[PDB]
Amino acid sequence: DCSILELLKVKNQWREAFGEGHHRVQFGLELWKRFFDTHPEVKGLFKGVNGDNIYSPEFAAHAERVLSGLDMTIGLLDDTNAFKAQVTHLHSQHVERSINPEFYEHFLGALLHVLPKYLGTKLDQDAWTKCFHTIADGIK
């Protein structure tokens, strides 16, 4: 359901607050704070990156890596084969970590909760939901 109209919207909007430096840092931080707040239990999966301390340089690194992966896939939504190559790589990086697949819905929930702060009233939740599910399907 992530078709040309949706994927173009999500591209424009993602960059309309995909930034650099501190702007970027604060974003990932608010995303993971919201996620860890709504689902405390998920933190057990992040001990390798110091999930119990989201202000540590280590978890901050992780957060930034996640936004980059997001940036990479979102950018490849209109390029089927390039997209496939990258998510398959993301799949490899999530596959032996025993991630309960419902967690992806909650990650989406967090992301939609924090995006209004950088997009205001313009956030297109439908387009975002459809295209995120394409990405998550790939990762799973």
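Just count from 1 along the sequence shown to find any residue number.
Chemist: Look up the CA B-factors in the entry and say which stretch, 31 to 39 or 47 to 55, has the higher mean.
Modeler: It is 47 to 55.
Chemist: Which of the two stretches, 72 to 80 or 101 to 109, shows the higher mean Cα temperature factor in the record?
Modeler: Comparing averages over the C-alpha atoms only gives 72 to 80.
Chemist: If you compare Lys117, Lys9, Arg15, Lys130, which has the highest Cα B-factor in the entry?
Modeler: Each of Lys117, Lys9, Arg15, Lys130 was compared by C-alpha B-factor; the highest is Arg15.
Chemist: Using the B-factors in the PDB entry, rank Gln86's C-alpha atom against the chain and give the third, lowest, middle or highest.
Modeler: CA B-factor rank for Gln86: lowest third.
Chemist: Comparing against every modelled residue in the chain, figure out the third that the C-alpha B-factor of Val95 lands in (lowest, middle or highest).
Modeler: Highest third of the chain for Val95's C-alpha B-factor.
Chemist: C-alpha B factor of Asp126, ranked within the chain: lowest, middle or highest third?
Modeler: Lowest third of the chain for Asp126's C-alpha B-factor.
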